[PDB]
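Trainee: Would you mind keeping the following structure in view while I ask a few things?
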Amino acid sequence: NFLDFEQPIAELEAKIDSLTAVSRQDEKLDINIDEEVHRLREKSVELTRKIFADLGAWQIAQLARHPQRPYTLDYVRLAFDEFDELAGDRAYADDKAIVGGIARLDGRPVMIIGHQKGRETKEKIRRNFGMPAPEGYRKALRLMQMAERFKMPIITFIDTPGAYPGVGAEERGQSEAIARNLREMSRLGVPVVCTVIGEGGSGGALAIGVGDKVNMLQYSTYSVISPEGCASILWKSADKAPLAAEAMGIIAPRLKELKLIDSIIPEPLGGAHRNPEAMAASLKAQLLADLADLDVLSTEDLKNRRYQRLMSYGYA
Amino acid sequence: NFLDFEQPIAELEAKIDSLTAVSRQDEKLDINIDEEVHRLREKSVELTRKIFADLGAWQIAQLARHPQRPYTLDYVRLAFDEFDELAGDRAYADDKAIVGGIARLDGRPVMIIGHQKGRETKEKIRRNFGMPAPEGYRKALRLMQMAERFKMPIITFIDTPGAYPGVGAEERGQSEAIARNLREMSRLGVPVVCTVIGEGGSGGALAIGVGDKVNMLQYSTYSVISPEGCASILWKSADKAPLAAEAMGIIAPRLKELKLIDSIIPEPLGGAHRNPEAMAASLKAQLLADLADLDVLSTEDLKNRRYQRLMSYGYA
Amino acid sequence: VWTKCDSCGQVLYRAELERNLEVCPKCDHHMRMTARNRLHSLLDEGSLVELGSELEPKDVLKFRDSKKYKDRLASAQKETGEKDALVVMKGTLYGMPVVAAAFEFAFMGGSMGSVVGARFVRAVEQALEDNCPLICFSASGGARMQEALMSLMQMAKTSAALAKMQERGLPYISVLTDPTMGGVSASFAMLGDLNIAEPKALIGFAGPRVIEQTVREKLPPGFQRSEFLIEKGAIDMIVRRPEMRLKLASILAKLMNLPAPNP
Ligand SMILES: CC(=O)SCCNC(=O)CCNC(=O)[C@H](O)C(C)(C)COP(=O)(O)OP(=O)(O)OC[C@H]1O[C@@H](n2cnc3c(N)ncnc32)[C@H](O)[C@@H]1OP(=O)(O)O
Ligand SMILES: [Zn+2]
């Protein structure tokens, strides 16, 4: 299910699929079919390259919400091994919108926390579309504290519409959970590396995104409020969302020039959904580089550097 | 509403009340009425002295459950000043079965946590008859941590049937709350003084009773299970409760010789309910004495002494 | 040599069940496993070394409900072959030093008394002096009623010991078998870094009967079971017994930062 502006590319891909089936249905015409497949493959590559050459902030925001994209579990599967999933905040319930656990990054033991939206329409409603209740932020805090106990670095995948604005979630103190996470994550004695794969923001994403290195994929957004909400409250309309997306500056390079994130992880041509394996490899390389240059610092120096980086946010 | 075995005393007291009313209804016969009142007052004093001379363990257990007895709020009112009540565990709800706050003991700032059963039949059901859900033990832990932060000694009043065995309270991890309280209360860097006023036990009382000095009133009980439950499981009957109470050894003098509590606070003649003010004064004196000899120890020495006292429990 | 699984009423071959770690090969029902057999299965072969073996029940209260508590202790010791409920054994796990402790539910319902707490503290101290993870399998009906507060306090004691371990940074895994209730689930069984629980294990604080009496209603289906609790957040994960050993090794290989075990 590609996006609207990707309608041409999808058609070509569909065509390729058809030709592939034909190439698997006969044998005496393989040469011409294969040549046409190669020609149309080159056509698709060039079309994707030129279409993506100039994408607006709204187009990028749509890409970050593409209903075909690697989520936290996909990156865990394609870039980590020996992943044990820990469930429960020990108090009320385990939120399926946040998945956490302990795995190995190239043999090193790491702790992984991240939002999980869900693939199909069943998991999407099972996981509240990636919107975690407070008993998910409390689980995230518990796992982060566990990792910090056993001299273990932490890796966070930030892909969520935001915190769930439900009556139950509001009764159980969402604000308290988020605030406690923000306060405690600034004192962890282990290096924290955060990435903003997919869509994140509204402050229910910063609850697991106060790290030493903040990274963002090329086609990912990070905003204080979704463009729909910003348009509704300020532009007094919902159809003026793209104006709000352009004005806020929610695209990765725009946030980069403000000194708000550390680096942008280049994506495969045509978005991370086309080649998830390449995206996972790039993300793994970036994570290894960030841990490589974060291990040199002592724990006290690491915490001091994190505090200074936090206090350097904003123009004031 | 006195106990069954206290029926004579109650009758005498009623008589005294009547005589008082008569003394407040006429003036020409005041001398004889006052003389009779004094004589019957001496009679009541001697009768209470002789009745209480030999009380069985079941009688003591009934006294600890007397439906007229100072609860945590009563001791706070009659022995502490400037009490600010802190409510909420920050997660789910505030349990009315446990009341906590910060007040002043003879000017010194102290933290007070304790079970509150409630006076009448309305408050008893409002406060779940002193049985706290896990969100009460979590509030107790929060307040104890707050006190330990601001170099503040802690005072605990243990008066409860036990932890609430409800479906809702069980879903929210009662065991986790109790276990976390027990683990964290052994590391507090402030002296903890615990008293077992009223009825306590079943392990939902030890959750706020792991202290440096454990005290118990004369007519208070502290058992691993209520005598009814012990009889039911072991004696196969509920009418053999007094046998279970006698066999367990739940009375204060019996526990003292086992090296399980530090001292017994003598009560006013006829139980703490007759003269709550004298009981409050005695408890306040005991608390001041216990804090006086606990301040001398350094924090590290205080914690080491607490750890050794814990490890010295049991015959093994 | 032909046993029957009471949950499904099959005719399981006895040695077939024994080689499967007392798990029904048909319905996968987790049945009783003795402490010594469990610890032999978990830890490596030829490295077991029991700890706290000099501690024996030494009743002081002189309890007597319907049978002499000394007679109860003698009968249980003869029946099970263990001095008291908990059994502590040092050993190796895939080449990794580790101290394990296993309850023996046949001994007076696996109730926790003075000897149980003393043995647990010995296990914690051994783990501390020789830095290594601690694994505890819990199967208990609660706190030993025949010792009163002298048993209740064993909660606090054990908790304190675990606190010490947590201060040293040593991992501690708490496997929750069937059942784990009373003062064992409220002191150290649910106080682990990871609360692993076996499938369909009755875990809680107050037993179902007393909850029914107090609430006077119908308990939710599958109440207090492991599958019901994992959704309530009390259980970190649910691990089948035949896969437990390996799983535990892997976990403690990542918590301790040691190289992964050789499968
Ligand atoms: C307040 C406390 O901490 S002790 C209160 C008792 N325990 C509880 O309330 C929690 C759970 N309650 C229970 O009855 C059980 O533990 C349950 C619900 C798990 C049921 O498990 P069951 O298969 O029924 O085991 P059962 O209770 O029969 O235990 C086996 C034996 O251990 C005994 N036992 C178990 N726990 C205890 C205990 N705390 N004190 C003394 N004996 C005990 C039982 O009397 C029984 O002896 P018997 O078979 O010779 O009569
Ligand atoms: Zn079966």
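So for chain C, numbering is Swiss-Prot's, and the shown residues are 23-285, in order.
The way this entry was determined, per its header, is electron microscopy, 3.2 Å.
Even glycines carry a Cβ here, placed using N, Cα and C.
So Swiss-Prot has the following annotated:
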ZN_FING   C:27-49  zinc finger
BINDING   C:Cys27, C:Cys30, C:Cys46, C:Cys49  Zn(2+) binding site
Trainee: Name, in the order they occur in the sequence, the residues of the same chain whose CB lies under 8 A from the CB of C:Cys46 (Zn(2+) binding site) and which sit 6 or more residues away.
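Mentor: Result: C:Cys27, C:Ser29, C:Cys30, C:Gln32, C:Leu34, C:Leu39, C:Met53.
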Trainee: Quick check: which same-chain residues outside C:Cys27, C:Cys30, C:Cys46, C:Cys49 lie with their CB within 8 A of the centre of the Zn(2+) site CB atoms?
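Mentor: Filtered neighbour residues, in order: C:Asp28, C:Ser29, C:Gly31, C:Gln32, C:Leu34, C:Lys48, C:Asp50, C:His51.
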Trainee: Can you name the residues of this chain that are 6 or more positions from C:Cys49 (Zn(2+) binding site) yet have a C-beta less than 8 Å from its C-beta?
Mentor: C:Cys27, C:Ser29, C:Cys30, C:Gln32
Trainee: Identify which of the binding-site residues C:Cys27, C:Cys30 has its Cβ surrounded by the largest number of other Cβ atoms within 10 Å, counting every protein chain shown.
Mentor: C:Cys27
Trainee: Residue counts in helix (H, G, I), strand (E, B) and coil for the zinc finger (C:27-49), per DSSP?
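Mentor: Within the zinc finger (C:27-49) the tally stands at 6 helix, 2 strand, 15 coil.
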Trainee: Which of C:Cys27, C:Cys30, C:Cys46, C:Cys49 (binding-site residues) reach within a Cβ distance of under 8 Å of chain A?
Mentor: none
